[PDB]
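[1] Experimental coordinates follow, after the sequence.
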Amino acid sequence: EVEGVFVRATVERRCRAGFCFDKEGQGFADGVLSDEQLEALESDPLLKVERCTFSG
Amino acid sequence: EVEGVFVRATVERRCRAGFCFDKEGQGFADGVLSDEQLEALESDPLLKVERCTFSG
Amino acid sequence: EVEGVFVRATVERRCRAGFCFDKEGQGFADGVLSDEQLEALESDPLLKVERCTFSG
Amino acid sequence: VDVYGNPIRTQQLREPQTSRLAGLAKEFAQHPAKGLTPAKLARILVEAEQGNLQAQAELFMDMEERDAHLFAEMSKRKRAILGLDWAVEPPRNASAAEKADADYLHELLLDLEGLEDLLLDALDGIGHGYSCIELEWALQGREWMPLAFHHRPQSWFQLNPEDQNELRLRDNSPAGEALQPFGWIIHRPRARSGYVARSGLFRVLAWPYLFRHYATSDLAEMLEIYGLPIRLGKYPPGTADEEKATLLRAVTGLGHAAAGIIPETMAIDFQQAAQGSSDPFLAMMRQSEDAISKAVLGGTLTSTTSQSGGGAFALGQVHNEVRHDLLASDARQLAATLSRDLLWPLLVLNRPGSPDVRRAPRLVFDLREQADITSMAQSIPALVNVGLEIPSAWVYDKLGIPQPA
Amino acid sequence: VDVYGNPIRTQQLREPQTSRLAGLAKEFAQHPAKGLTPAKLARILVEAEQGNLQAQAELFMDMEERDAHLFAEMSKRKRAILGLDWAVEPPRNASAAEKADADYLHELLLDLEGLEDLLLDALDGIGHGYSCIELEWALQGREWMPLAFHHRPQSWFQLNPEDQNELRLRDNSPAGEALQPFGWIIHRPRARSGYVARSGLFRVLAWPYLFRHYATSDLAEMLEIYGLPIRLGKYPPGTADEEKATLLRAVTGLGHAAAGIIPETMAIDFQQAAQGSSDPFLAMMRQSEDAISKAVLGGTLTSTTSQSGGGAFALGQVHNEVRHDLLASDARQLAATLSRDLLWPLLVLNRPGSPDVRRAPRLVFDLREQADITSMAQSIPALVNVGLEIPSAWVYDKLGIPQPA
Amino acid sequence: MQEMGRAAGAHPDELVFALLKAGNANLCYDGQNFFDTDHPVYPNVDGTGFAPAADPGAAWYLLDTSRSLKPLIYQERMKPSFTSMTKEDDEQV
C-alpha cells in the first residue's frame, strides 16, 4: 500500500533545472528510497494537504 | 432552489459495477428520488467539500 | 509586485454583462489601480482562500 | 437618586412600569418539563445562557412543582430565613439625625404590611437566580408609601444583547426594556461566580431531577407490567378468523382466569414478563436525592444526617458548621438587597435633604446563636473574683437579655 | 507606585482597561464539557499548559455546574471564609501616623459596599487557579474610591509567550495585553507548587468528575433498557411484506401486551435484555465522590466523616486538624492578596506622602478558635492563688471578650 | 469587527419588514395571500386586500410577529482557532 500521497493537487517543492516549483502533487511519506532527496522534494506543503492513499 | 453541491474536486463513493470508486454525481443535500441508491452514491465526502447555488 | 493573488481554492465576485458570476480567480490585494472596483471584484470570496504571490 | 446614581424622576412612580404591557398579564406557562429529555434540557440551558430565560424559568417552576423532595428542601431553607428576627441599625458612629432617620425607617418597616410575603418572593431568587418584585408607590399626603409588592414571573424578563448581567422586560423588541429605577426590588443571590443566567441553583439541580424522574417513571412502568406472565397462543393452519379471535380472547383472559381448555393442536406458552428487582431504580433515586440534599442544605445534616445526640454544645455542633454558614450567607445577601432597594427610596423620598449614600442605614437580620446560659453563668463568678472587668454590654448582647432602661 | 514597583499613572484610572475591548463582552461560552472523552480532556489540559486557558476555564465552569457534589463542596468551602470576621491592623510597633492610616483604611473598608461579593469572586481562584476582578475608580472630590468590583471570566486571559507565570488579556494579538496596574485584584492561591496553568484544584478534580459522569450516564442507560426483555420474531419463507410488518408490530407491542397469537409456523424468542446490578456503577460513583471530598475538604471530616461525639474539646478535635489548617491557609492567602491589591492603592492615593511599602497595613481575618470558658475559668483561680501573674491582655484576647474602655 | 453587533441588532427589523413587503405575495394560514381579497370565511369569502398596513396594537396578538429564536451570537476568527491564520494568509473573519 501507499502510506500517504498528500497531493491536494500540490507538491511540496519539485525543484528541477535549477528552479523550484510547486505542482504535480508528488508528495510521499515512506522510506522506500531517496529519503535524503525525499527531504528536499517534501518538507514544503505551502497549500493545504489532502492525504488519499493509492494503495500501491 | 436546491441547497447542496460539492464542487471542490472532492471525492465521493459512487458504485459503478461491483465496486465503489471516487466520482461526483448527485452531490445534493435534498432528495426526492433514488434515496436507497443515493445513500450508497451520496456517502459524505472524503476530502474538502464546498457548496454553491446551482439554482437548477 | 503582486503582494497577494487571493485565488487558490477561493472564487470572488465578478460582475460582467449584468450578471455577476463567480470564476476565473481574479483575486488581488494592492493599491495599484481600480481600487474602487476592488470591492466589487472581492465582493464574494465565498470559498476558502489561500494566497500565493505571482511576483509580478 | 438611587444607589447606582441613575437620575430619579417622581413622575414615573405613579404607575407601574408593566401597566403599559397588558400583553404580559394574559400569558400562560408552557410547561416545558412534560416530555423532557436530556437533549431538550441541554438545549434549554444553552438557550437560557444566550438570553432566552422564559423557557428556563418555566422549566424551573415545573421542576419545583413536580419534585416533592426538592420542594421540601427549598421550602425548609426559605422558612429558615422567614423566621429570623430583624432590625434596622444606623451606620457606624451615626449622628443624632442619622439615628432619627434609622428609627423612623424601622418604625415604617414594622408597620408595613406584607413584609413576610416580600421576603418569601425575594428568596425565590435563590433557586431561580433572580427575583423581581414590582413596587406600587402612593402618596398619603406628603410622604411616599409602598402600596403593595407584586412578584413578577422570571419568564417576563430577558438579557440585554449588549450586556449579559443586565435584565430587561419583554416588550416585543429585540432589546427589551430597561428596568425602571425605584420600581423593582431585584434579588440576585450569588452561589457561584458567573453571569445571571448561570447563577441559579436549579441549574445545578436540574440533572439529578431528570435522573430521579426517569428512574421513577421506569419503576412505575415495570410495576405495571409485573404480575401475570405474557403468554402466547399458537394455532395450526386452517384456523378461521372467528376461531382466531376466540383463541385471542382466551389468551387475553387466561391470566385472570384460573383454568381453560384448548384443542391439543393448539399451544400456549407462558414467557417471562419482567424479572428483576427495584434495586437499580431505588439506588438511582437515593443517589439523586442525596445530591439534591447536599446541594441545597449541605452534606452534614440532610444527606449524611448528623444523627441524634443532645448536649449543651449540641446546638453549636449542629448549626455552626454548614447550617450557620448557609443561614448567615442567605440572610446577609437578602439584607443587602433590601437595604439597597427598599430602605434607600424611603430615606430619599420621605425625609428632607440629600444624605450621603455611604451613610444610609442598613437592615440587619438577627443571627445571634443561643449561648449556654448555665456554663457561662458558672464561669463569670470565677473570672470576676479573679479581677477581670468584663463589660456588661457584651454579656447583655450575647445572652439576648436587653440592657436595663 | 504599586507594591511591585511598576510606575503608576492616574490618567489611566478613569476608564477600565477592557472598555476598549468591546469584543470580549459579546462572547458566549462554548461549553466544552458536553461530549467530553478522556482524550478530549487530556488535550484540553495539555493545551491549557501551553497558554490556551479559554477552553480550560469553560470546562471548569461546566464541571462546576454539572456536578452537584463538587459544587456543594466548593460552596461550603467558600462560605466558610465568607463568614469570618476581619479587621485591619497596623504594622509591627506602628507609629501614630501609621495607626491613623490603618484606622482610616478600616473605616473605608467597613463602609465599602460589595465587599462580600469581592471576597466570593476572589475565592473562585481556589478552583480556577486564578481570579481577576476589575476595579472602577472614581473621584468624589479629592479622594479616590473603588466604584465597583467586576469579576471577569478566566476565559478572557492567556499566558505570556515569554513568561508562563504572567497573565494577559486577549486583545487578538499573539502576546495579549499586560494587566493595568491598580486596575485588577488578581487572586492566585497556591495549593501546589508550579505554574499558574497547573495550579487549579479543578485540574486535580477533573478525572474523578469524568469517571462519575460516565458511571452515571451508563447507569441511566442501563435503567432505561431494564424492564421488558428483547424478543425476536422469526417468519418462514413466503411471508409477504404486509405480514412482516404485522409481525414486527406484534413483537414491538408484545412486551406491553400480556397476550398474543401467532401461527405455529412463526416463532418468538425472549432473550435476556440487561441482567446485572447497579453495584459496579455505584461503587465507581462512591469512589469518585470520596476522592473529590478528600481533595476539597480533607479526608477526616467529609469523605471519612469524623462521626458524632460532643464535648468541650470536640470543637478542637473537629477543627484543629484539617479544618483549621485549610481555613487558616485560605484566609491568609486571601488576606495577603487583598492587602496587596486593594489596601495599597487606597493608602497611596487617598493619603499624603509616600509611606514605605514594608510598613503598609495588613488585612487580618479573625481565625480565633472558641476556647472552653468553663475549664479555663476553673483553672485560673488555682494559678493566681499559687502566685502566677498572668496578664489580663492574654485572657481578654483569647476569650474574645474585649478590654474595658 | 464589533460593528457586526449593530448589524445583528438591525437585522430583526429588516426581516420583519421584508416579510411585511412579501405580505401580498406570501400566504397566511388560510392558504391565500396575507393581503388578499378572497379570504375564505366559513359561509362566504371576505377580502382585506404605496406600502400601507393597518394593524391592531392592543390585541393579545401582534401582526407580523417575529421570532428571536437565538440571540445575536458573535462568531469570530481570532488566532489558533481556525486554519485561515496558520496554513493560510493572516486573514480573520
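    Sure, I can see it. Numbers count the residues shown, from 1 in each chain, chains lettered A, B, ... in the order given.

[2] Tally up the residues packed near residue 29, please.
    Using chain A here. For residue A:29, the count of nearby residues is 13 (other C-beta atoms under 10 Å in any protein chain shown). Any C-beta I mention is one placed from the backbone N, CA and C, and that applies to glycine too.

[3] could you do chain F instead?
    6.

[4] Check residue D:148 too.
    So residue D:148, with other C-beta under 10 Å, has 15 neighbours.

[5] who's in contact with the residue nearest to it when sequence neighbours are not counted?
    Spatial nearest neighbour of residue D:148, chain neighbours left out: residue D:136 (4.6 Å); criterion: C-beta to C-beta, 6 or more residues apart in numbering or on different chains. By C-beta atoms under 8 Å, 6 or more residues apart in numbering or on different chains, the contact set of residue D:136 is D:16, D:146-150.

[6] List only those of those residues flagged as buried.
    Neighbour counting over these (16 or more other C-beta atoms under 10 Å in any protein chain shown) leaves D:16, D:146, D:149 as the buried ones.

[7] nearest residue to residue 31 other than its sequence neighbours?
    No chain in the question, so chain A it is. The nearest residue in space to residue A:31 (C-beta to C-beta, 6+ apart) is residue A:38, at 7.8 Å.

[8] you looked at the wrong chain, it should be chain D
    residue D:62 (5.8 Å).

[9] show me the contacts for the one you found.
    Here residue D:62 is in contact with D:29, D:31-34 (criterion: C-beta under 8 Å, 6+ apart).

[10] which one among those residues gets closest to residue E:177?
    In terms of C-beta to C-beta, no member of the contacts of residue D:62 lies closer to residue E:177 than residue D:32, at 42.3 Å.

[11] Tell me where the chain has helices.
    The chain I'm using is chain A. A:35-41 (DSSP state H).

[12] um, chain F though
    F:3-22.

[13] Which single residue of chain A approaches chain F most closely?
    residue A:48 (6.3 Å; C-beta to the nearest C-beta).

[14] measure the residue nearest to that residue when sequence neighbours are not counted to residue A:55 for me?
    Using C-beta to C-beta, 6+ apart and skipping residues adjacent in sequence, the residue nearest residue A:48 is residue A:8, 5.3 Å away. Look at residue A:8 and residue A:55: by C-beta to C-beta, to the nearest Å, they are 18 Å apart.

[15] who has more neighbours, these two?
    residue A:8 (19 against 6).

[16] pretty sure the more buried one contacts residue A:49?
    Yes. With contact defined as C-beta atoms under 8 Å, residue A:8 counts as touching residue A:49 (5.6 Å).

[17] and the closest residue to chain D within chain A, how many residues sit next to it?
    Closest residue of chain A to chain D, C-beta to the nearest C-beta: residue A:48 (32.3 Å). Residue A:48 sits with 18 neighbouring residues when counted by other C-beta under 10 Å.

[18] again, but for the one 3 residues further on
    When counting by other C-beta under 10 Å, one arrives at 15 neighbours for residue A:51.

[19] I'd like the distance between it and residue A:25.
    11 Å.

[20] where does the closest residue to residue D:161 other than its chain neighbours sit relative to residue E:249, distance-wise?
    Using C-beta to C-beta, 6+ apart and skipping the chain neighbours, the partner closest in space to residue D:161 is residue F:72 (5.4 Å). Remark: distance between residue F:72 and residue E:249 (C-beta to C-beta) = 48 Å.

[21] same question, residue F:12
    For residue F:12 relative to residue E:249 (C-beta to C-beta), the value is 47 Å.

[22] So between these two, which is more surrounded?
    residue F:12 (16 against 10).

[23] Quick check: closest non-adjacent residue to the residue in chain F that chain C sits nearest to.
    Closest approach of chain F to chain C (C-beta to the nearest C-beta) occurs at residue F:89, with a separation of 4.3 Å. Excluding its sequence neighbours, the residue lying closest to residue F:89 (C-beta to C-beta, 6+ apart) is residue C:51, at 4.3 Å.

[24] ok, back up a step: quick one: residues contacting the residue nearest to residue D:161.
    Per C-beta under 8 Å, 6+ apart, neighbours of residue F:72: D:161, D:174, F:5, F:8-9, F:11.

[25] Could I get the phi/psi values of it?
    phi -80, psi 60 (degrees, to the nearest 10).

[26] how close does residue D:23 get to residue D:167?
    For residue D:23, the distance to residue D:167 - C-beta to C-beta - is 18 Å.

[27] Could you check which of the two has the larger neighbour count?
    Neighbours were counted for residue D:23 and for residue D:167 using other C-beta under 10 Å; residue D:167 has more, 23 against 17.

[28] residue contacts, the spatially most central residue of chain F?
    Of all residues in chain F, the one closest to the mean position by C-alpha atoms, centre = their mean is residue F:15, 2.5 Å from it. Contacts of residue F:15 were listed using C-beta under 8 Å, 6+ apart, and they are residue F:66.

[29] Equivalent analysis for residue D:188, please.
    So residue D:188 contacts D:125, D:129-131, D:196, D:199, D:337 (C-beta under 8 Å, 6+ apart).

[30] go on, residue D:385?
    residue E:381.

[31] what's the answer for the one 5 residues further on, then?
    Contact partners of residue D:390, counting by C-beta under 8 Å, 6+ apart, are D:380, D:383-384, E:401.

[32] Repeat the analysis, applying 7 Å as the threshold.
    By C-beta atoms under 7 Å, 6 or more residues apart in numbering or on different chains, the contact set of residue D:390 is D:383-384, E:401.

[33] so how far is chain E from the closest residue to chain C within chain D?
    Going by C-beta to the nearest C-beta, chain C is nearest to residue D:50 of chain D, at 27.7 Å. Distance, residue D:50 to chain E, by C-beta to the nearest C-beta, to the nearest Å: 6 Å.

[34] try residue D:349
    20 Å.

[35] quick one, what contacts the residue of chain D closest to chain C?
    E:28, F:70-71, F:73 are the contacts of residue D:50 under C-beta under 7 Å, 6+ apart.

[36] out of the residues you listed, which are buried?
    E:28, F:71.

[37] Kindly reformat the contacts of residue D:50 as TSV containing distance to residue E:253.
    Listed next are the contacts of residue D:50 as TSV, based on distance: C-beta to C-beta, whole Å:
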residue	distance to residue E:253
E:28	45
F:70	39
F:71	44
F:73	44
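
[38] just the contacts of residue D:50 now: which is nearest residue E:392?
    residue E:28 (61.0 Å).

[39] Make a PyMOL selection of the buried ones in the contacts of residue D:62.
    Selecting only the buried entries of the contacts of residue D:62 in PyMOL, with 16+ other C-beta under 10 Å as the criterion:
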select buried, chain D and resi 32+33
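
[40] how about the residues of chain F that lie near chain A?
    residue F:87 (C-beta under 7 Å from any C-beta of the partner chain).

[41] any idea how far the residue sitting furthest away from the middle of chain D is from chain B?
    Relative to the centre of chain D, the most outlying C-alpha is that of residue D:238, 67.7 Å out, by C-alpha atoms, centre = their mean. Per C-beta to the nearest C-beta, residue D:238 is found 39 Å from chain B.

[42] could you pull out the helices for the stretch 51-200 of chain D?
    Ranges of helices within the stretch 51-200 of chain D are D:53-66, D:68-82, D:96-110, D:115-123, D:125-128, based on DSSP state H, counting those that start in this stretch.

[43] How about the contacts made by the residue in chain F that chain D sits nearest to?
    Here chain F gets closest to chain D at one residue, residue F:71, 4.1 Å apart by C-beta to the nearest C-beta. Shown in contact with residue F:71 (C-beta under 7 Å, 6+ apart): D:50-51, D:161.

[44] What residue, apart from its backbone neighbours, is nearest the residue of chain F found nearest chain E spatially?
    In chain F, no residue comes nearer to chain E than residue F:74, which is 4.3 Å away by C-beta to the nearest C-beta. Of all residues not flanking residue F:74 in the chain, residue E:26 sits nearest, at 4.3 Å (C-beta to C-beta, 6+ apart).

[45] looking at it, that neighbour is touching residue F:5, isn't it?
    Yes. With contacts counted by C-beta atoms under 7 Å, residue E:26 reaches residue F:5, the gap being 5.9 Å.
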